[PDB]
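In the structure tokens that follow, the same protein chain appears in two forms, which are kept apart as structure 1 and structure 2.
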Structure 1
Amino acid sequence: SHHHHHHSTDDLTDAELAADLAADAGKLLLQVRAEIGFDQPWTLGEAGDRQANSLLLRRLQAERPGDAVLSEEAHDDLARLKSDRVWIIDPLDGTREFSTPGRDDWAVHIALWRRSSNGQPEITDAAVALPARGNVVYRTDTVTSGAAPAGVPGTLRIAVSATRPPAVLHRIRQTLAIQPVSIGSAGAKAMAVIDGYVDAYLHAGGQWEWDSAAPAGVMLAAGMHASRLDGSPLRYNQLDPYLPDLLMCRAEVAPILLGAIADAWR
């Protein structure tokens, strides 16, 4: 729709652009999936990440030529460290899931980091697409707050995905009734929290910035919780863009889980 340039496609707000980029990459990923098919999963996953990255860098160049870009799929020249505006993107989160027939738990992550003196809310705008799920795009400018708790009281559903369960989860399951819910891709795990399909998404051991920046942005915009496991803020555009761990969860469950994590270390 035709509109006036936002106060303070061409002429999108940053959140609009994040959403449009996520949707466009999502469509391309769906095209690649259809074209290549599933008989060679390695090749499928590689073609998808490579082509989605090309689309995203091309369009960020065109529509935001002054902004820096940290992409999972591109070399990192560290110019971003000097920038006040940095896109943190994963063109394809969940290559295994993308390359498996029938699975829809893979995502595209598009996040804008903006330099903040005080307030520290670094990811200002973001979108997560789940292309196989009707190409739904979750966006910081439309997600809503106040979601009503869905599960049986006294039991937590927690999205996790790992080649092996972390020790901290073993410990907190001694004290809290938890059902681990196996979902692929960081993006799908996080959006399950937004959806109310699970109560929390927990990750121990490292994760790259591009797989949590967009989910975290959307989570905070929805009034939910996103932090390190020790409760300190997630930091982005770091020299080493790697987060040792994280918790995203609905607001009501944050104190219980942060508490259990802290008590684990006793």
Structure 2
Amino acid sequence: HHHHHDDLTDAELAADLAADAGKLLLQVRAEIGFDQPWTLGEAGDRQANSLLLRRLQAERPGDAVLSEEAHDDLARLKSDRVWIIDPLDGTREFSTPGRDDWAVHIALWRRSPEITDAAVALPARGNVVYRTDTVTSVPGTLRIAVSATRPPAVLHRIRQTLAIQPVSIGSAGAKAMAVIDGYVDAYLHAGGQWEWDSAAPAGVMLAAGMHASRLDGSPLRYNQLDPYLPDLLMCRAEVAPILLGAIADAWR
């Protein structure tokens, strides 16, 4: 009794869901294997989604769910609590032998509005789970994580004035966690993305006392009618002014 103020907290549930989906994805990878990457990716997406939706209905039956892998009935627009999930982020990388740059994203949005609780699993990295309740708090040259598939064109403009080495990595979750780890200084994206790509990484980023915003510096906004959310900057706080400034100056 009195577990907090099964019965998990929202953050504990986010972490457990991310880990559980992580393990299932690892099982799918081992069972289906890499002969047909399309088949492997589809199975991972579908099975992880099924697990997550089943558990969210069982354990949070009153909460809305927005998932990449399910139809969106928009009931969430009237809810005060919405899980925003990417059952497998970096499906491409998951489907490729030896790649560890893929993730599970589990975010809870609560009306106010904020991502209040979140977890990001990197299942191939020992199924590590970064979570909002346990994550902790000028360089002459910047390492910036960018998509290994569709890197943002805006990076080329800012590189005229800032010394930057782009670090190509798959998955939004993997790139955001690379910022937390200190493997890169920043993660920059533009050109398109969805709420579930950034919601859990943003929640973790902000809980770590780091910076997460749109490229124009405005807050990342979630549970919108159109869950397209095309650009982001996630980085150490001190680096934010430098990069947001360069982005802004690119429009001069």
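Take the two forms, superpose them, and find the largest set of C-alpha atoms that agree within 1.5 Å; that set is the rigid core. Counting starts at 1 with the first residue of structure 1 and goes up one by one along its sequence.
Here the chain appears twice, and structure 2 is the form deposited with adenosine monophosphate bound. For the set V136, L176, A162, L81, a Cα shift of at least 2 angstroms between structure 1 and structure 2, after rigid core superposition, holds for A162 and for no other residue.
Fit the two forms on the rigid core and the C-alpha of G205 turns out 1.2 Å off between structure 1 and structure 2. After superposition on the rigid core, the Cα atom of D39 is displaced by 0.3 Å between structure 1 and structure 2.
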